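Only one structure is covered here, and it is reproduced in the block below.
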Amino acid sequence: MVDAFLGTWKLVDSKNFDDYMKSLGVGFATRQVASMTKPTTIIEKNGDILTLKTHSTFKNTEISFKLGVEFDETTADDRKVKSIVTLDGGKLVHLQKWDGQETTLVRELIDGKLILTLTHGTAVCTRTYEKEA
Ligand SMILES: CCCCCCCCC(=O)O
Ligand SMILES: CCCCCCCCC(=O)O
């Protein structure tokens, strides 16, 4: 039920990403570079398995997961977390848990754009991605 999320997406707007990174303890030099990076996110499916790639000039990540099945993840900032991704209200909700901490990465399609909302602590970042042909 994931299908309009699938494809290649490019970052076209970012709000409060520094706040989000700082909440997670990312160092200032990394936050500089990340504030000027525009990743490409690729979301593909094969049966029940999704693969989500995030590519940039700085750092790259890739995860594969089944919806609703927990997986181990090592994040771009090197947190070792327990993750689960589900559909909720048509949104792709990714929850990461580590050391009793929790962050959510929520993706929603609005007017054909993919809106990624990142929440940790009180920090709320909104990143907008537009689809590549
Ligand atoms: C500081 C942790 C950053 C983790 C990944 C954030 C993802 C951002 C993105 O995909 O646009
Ligand atoms: C996977 C590309 C993400 C680029 C921006 C965020 C990097 C954050 C970090 O390294 O701590």
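Going by the structure tokens order, chains are called A, B, ..., each with residues numbered from 1, while ligands are numbered from 1 in the order shown.
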Contacts of residue A:2 within 8 Å, only C-alpha atoms, excl. fewer than 4 positions in-chain, as an mmCIF file with N, CA, C and O atoms, in the first residue's frame:
```cif
data_model
loop_
_atom_site.group_PDB
_atom_site.id
_atom_site.type_symbol
_atom_site.label_atom_id
_atom_site.label_comp_id
_atom_site.auth_asym_id
_atom_site.auth_seq_id
_atom_site.Cartn_x
_atom_site.Cartn_y
_atom_site.Cartn_z
ATOM 1 N N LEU A 6 7.082 5.306 -3.902
ATOM 2 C CA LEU A 6 8.217 4.655 -4.567
ATOM 3 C C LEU A 6 8.794 5.596 -5.600
ATOM 4 O O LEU A 6 8.054 6.302 -6.322
ATOM 5 N N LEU A 87 2.670 1.834 7.681
ATOM 6 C CA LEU A 87 1.714 2.843 7.207
ATOM 7 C C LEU A 87 0.700 3.184 8.271
ATOM 8 O O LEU A 87 0.083 2.306 8.887
ATOM 9 N N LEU A 92 4.065 7.014 5.830
ATOM 10 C CA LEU A 92 5.063 6.001 6.116
ATOM 11 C C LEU A 92 5.764 6.452 7.411
ATOM 12 O O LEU A 92 6.419 7.517 7.355
#
```
Selection as a count of residues only: residues within 10 Å of ligand 2 by only C-alpha atoms and all ligand atoms: 38
What parts of stretch 10-112 of chain A does DSSP call helix (DSSP H, G or I)? I'd like the answer as a ChimeraX atom specification. /A:17-23,28-35
Grab the residues selected above and save them as a PDB file, in the first residue's frame with N, CA, C and O atoms.
```pdb
ATOM      1  N   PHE A  17      16.325  21.507  10.311  1.00  0.00           N
ATOM      2  CA  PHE A  17      17.178  20.327  10.373  1.00  0.00           C
ATOM      3  C   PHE A  17      18.321  20.516  11.349  1.00  0.00           C
ATOM      4  O   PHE A  17      18.726  19.554  12.012  1.00  0.00           O
ATOM      5  N   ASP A  18      18.873  21.726  11.468  1.00  0.00           N
ATOM      6  CA  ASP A  18      19.921  21.928  12.464  1.00  0.00           C
ATOM      7  C   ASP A  18      19.398  21.621  13.867  1.00  0.00           C
ATOM      8  O   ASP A  18      20.097  20.987  14.659  1.00  0.00           O
ATOM      9  N   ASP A  19      18.187  22.079  14.189  1.00  0.00           N
ATOM     10  CA  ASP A  19      17.604  21.786  15.503  1.00  0.00           C
ATOM     11  C   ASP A  19      17.539  20.278  15.735  1.00  0.00           C
ATOM     12  O   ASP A  19      17.827  19.792  16.831  1.00  0.00           O
ATOM     13  N   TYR A  20      17.067  19.557  14.730  1.00  0.00           N
ATOM     14  CA  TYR A  20      16.917  18.107  14.851  1.00  0.00           C
ATOM     15  C   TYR A  20      18.294  17.451  15.072  1.00  0.00           C
ATOM     16  O   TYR A  20      18.457  16.631  15.978  1.00  0.00           O
ATOM     17  N   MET A  21      19.259  17.799  14.229  1.00  0.00           N
ATOM     18  CA  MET A  21      20.604  17.234  14.396  1.00  0.00           C
ATOM     19  C   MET A  21      21.196  17.564  15.755  1.00  0.00           C
ATOM     20  O   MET A  21      21.830  16.728  16.395  1.00  0.00           O
ATOM     21  N   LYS A  22      20.999  18.780  16.202  1.00  0.00           N
ATOM     22  CA  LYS A  22      21.582  19.185  17.486  1.00  0.00           C
ATOM     23  C   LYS A  22      20.882  18.405  18.603  1.00  0.00           C
ATOM     24  O   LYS A  22      21.528  17.961  19.579  1.00  0.00           O
ATOM     25  N   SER A  23      19.600  18.180  18.509  1.00  0.00           N
ATOM     26  CA  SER A  23      18.894  17.385  19.528  1.00  0.00           C
ATOM     27  C   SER A  23      19.507  15.984  19.659  1.00  0.00           C
ATOM     28  O   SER A  23      19.523  15.421  20.748  1.00  0.00           O
ATOM     29  N   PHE A  28      29.001  20.231  15.527  1.00  0.00           N
ATOM     30  CA  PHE A  28      28.745  21.433  14.717  1.00  0.00           C
ATOM     31  C   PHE A  28      29.269  21.295  13.312  1.00  0.00           C
ATOM     32  O   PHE A  28      28.631  21.821  12.405  1.00  0.00           O
ATOM     33  N   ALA A  29      30.428  20.661  13.104  1.00  0.00           N
ATOM     34  CA  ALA A  29      31.032  20.624  11.755  1.00  0.00           C
ATOM     35  C   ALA A  29      30.169  19.758  10.871  1.00  0.00           C
ATOM     36  O   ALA A  29      30.014  20.050   9.680  1.00  0.00           O
ATOM     37  N   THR A  30      29.669  18.655  11.394  1.00  0.00           N
ATOM     38  CA  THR A  30      28.760  17.788  10.629  1.00  0.00           C
ATOM     39  C   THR A  30      27.457  18.529  10.318  1.00  0.00           C
ATOM     40  O   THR A  30      26.931  18.416   9.218  1.00  0.00           O
ATOM     41  N   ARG A  31      26.891  19.211  11.306  1.00  0.00           N
ATOM     42  CA  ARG A  31      25.662  19.971  11.042  1.00  0.00           C
ATOM     43  C   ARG A  31      25.877  20.967   9.926  1.00  0.00           C
ATOM     44  O   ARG A  31      24.970  21.220   9.100  1.00  0.00           O
ATOM     45  N   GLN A  32      27.178  21.742   9.853  1.00  0.00           N
ATOM     46  CA  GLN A  32      27.467  22.669   8.754  1.00  0.00           C
ATOM     47  C   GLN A  32      27.256  21.956   7.436  1.00  0.00           C
ATOM     48  O   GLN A  32      26.581  22.457   6.524  1.00  0.00           O
ATOM     49  N   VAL A  33      27.980  20.865   7.294  1.00  0.00           N
ATOM     50  CA  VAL A  33      27.956  20.223   5.979  1.00  0.00           C
ATOM     51  C   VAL A  33      26.544  19.757   5.657  1.00  0.00           C
ATOM     52  O   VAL A  33      26.052  19.952   4.521  1.00  0.00           O
ATOM     53  N   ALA A  34      25.867  19.117   6.611  1.00  0.00           N
ATOM     54  CA  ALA A  34      24.508  18.621   6.377  1.00  0.00           C
ATOM     55  C   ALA A  34      23.527  19.718   6.025  1.00  0.00           C
ATOM     56  O   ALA A  34      22.600  19.482   5.230  1.00  0.00           O
ATOM     57  N   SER A  35      23.719  20.933   6.535  1.00  0.00           N
ATOM     58  CA  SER A  35      22.817  22.054   6.238  1.00  0.00           C
ATOM     59  C   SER A  35      22.898  22.517   4.786  1.00  0.00           C
ATOM     60  O   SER A  35      21.981  23.216   4.342  1.00  0.00           O
TER      61      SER A  35
END
```
Residues near residue A:81, anyone? I mean within 9 Å using only C-alpha atoms, not counting same-chain ones fewer than 6 positions away, as an NGL selection string. :A and (71-75 or 96-99)
Selected residues written out with C-alpha atoms, as a short mmCIF file (atom, residue, chain, number, x, y, z; two decimals), in the first residue's frame:
```
data_model
loop_
_atom_site.label_atom_id
_atom_site.label_comp_id
_atom_site.auth_asym_id
_atom_site.auth_seq_id
_atom_site.Cartn_x
_atom_site.Cartn_y
_atom_site.Cartn_z
CA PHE A 71 14.94 -4.30 12.11
CA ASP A 72 18.33 -3.20 13.40
CA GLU A 73 19.61 0.06 11.87
CA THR A 74 22.80 2.10 12.10
CA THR A 75 21.84 5.66 11.29
CA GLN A 96 13.74 4.45 15.94
CA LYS A 97 14.37 3.42 19.57
CA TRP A 98 17.73 3.38 21.39
CA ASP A 99 18.81 3.96 25.02
#
```
Can you check which residues of stretch 17-130 of chain A DSSP gives as strand (DSSP E) on the backbone and send them as number ranges by chain? A: 40-46, 49-55, 61-66, 71-74, 80-88, 91-98, 101-110, 113-120, 123-130
Choose the residue, out of A:125, A:82, A:47, A:113, that has the smallest atom-to-atom separation from residue A:7; count only C-alpha atoms.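 Of A:125, A:82, A:47, A:113, the one nearest residue A:7, counting only C-alpha atoms, is A:113.
Atom pair atom CA of residue A:49 / atom CA of residue A:5 has a distance of 13.6 Å (rounded to one decimal).
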Please identify all polymer residues within 8 Å of residue A:9, counting only C-alpha atoms, omitting same-chain residues fewer than 5 positions from it, and present them as a VMD selection string. chain A and resid 40 to 42 114 129 to 132
Between atom CA of residue A:68 and atom CA of residue A:86, what is the distance in Å, rounded to a tenth?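 Spanning atom CA of residue A:68 to atom CA of residue A:86 is a straight-line distance of 5.3 Å.
Between ligand 1 and the residues A:116, A:123, A:110, A:69, the shortest atom-to-atom distance, using only C-alpha atoms and all ligand atoms, involves A:116.
Taking atom CA of residue A:101 and atom CA of residue A:1 as the two end points, the separation is 28.8 Å.
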Please provide as a PDB file with N, CA and C atoms, in the first residue's frame all residues within 9 Å of residue A:103, with the sequence filter that same-chain residues fewer than 4 positions apart are discarded (counting only C-alpha atoms).
```pdb
ATOM      1  N   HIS A  94       8.313   5.863  10.520  1.00  0.00           N
ATOM      2  CA  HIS A  94       9.503   5.118  10.918  1.00  0.00           C
ATOM      3  C   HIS A  94       9.825   5.576  12.316  1.00  0.00           C
ATOM      4  N   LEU A  95       9.874   4.592  13.176  1.00  0.00           N
ATOM      5  CA  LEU A  95      10.182   4.835  14.574  1.00  0.00           C
ATOM      6  C   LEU A  95      11.525   4.185  14.900  1.00  0.00           C
ATOM      7  N   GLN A  96      12.453   4.942  15.468  1.00  0.00           N
ATOM      8  CA  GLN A  96      13.739   4.446  15.943  1.00  0.00           C
ATOM      9  C   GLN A  96      13.794   4.567  17.455  1.00  0.00           C
ATOM     10  N   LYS A  97      14.267   3.500  18.109  1.00  0.00           N
ATOM     11  CA  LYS A  97      14.370   3.417  19.569  1.00  0.00           C
ATOM     12  C   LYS A  97      15.799   3.023  19.958  1.00  0.00           C
ATOM     13  N   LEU A 118      10.700  15.025  10.832  1.00  0.00           N
ATOM     14  CA  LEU A 118      11.639  14.395  11.759  1.00  0.00           C
ATOM     15  C   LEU A 118      11.421  14.993  13.139  1.00  0.00           C
ATOM     16  N   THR A 119      11.127  14.138  14.139  1.00  0.00           N
ATOM     17  CA  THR A 119      10.872  14.623  15.495  1.00  0.00           C
ATOM     18  C   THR A 119      11.793  13.931  16.477  1.00  0.00           C
ATOM     19  N   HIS A 120      12.513  14.682  17.303  1.00  0.00           N
ATOM     20  CA  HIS A 120      13.296  14.125  18.412  1.00  0.00           C
ATOM     21  C   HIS A 120      13.252  15.166  19.527  1.00  0.00           C
ATOM     22  N   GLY A 121      12.957  14.727  20.746  1.00  0.00           N
ATOM     23  CA  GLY A 121      12.854  15.715  21.808  1.00  0.00           C
ATOM     24  C   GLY A 121      11.724  16.668  21.446  1.00  0.00           C
TER      25      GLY A 121
END
```
Using only C-alpha atoms and all ligand atoms: which of A:84, A:50, A:105, A:124 has the shortest distance to ligand 1: A:105
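Considering only C-alpha atoms and all ligand atoms, the residue among A:112, A:65, A:4, A:52 positioned nearest to ligand 1 is A:52.
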Nearest residue to ligand 1 from the set A:48, A:8, A:111, A:14 (distances using only C-alpha atoms and all ligand atoms): A:14
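Nearest to ligand 1 of all the residues A:12, A:108, A:91, A:127 is A:127, counting only C-alpha atoms and all ligand atoms.
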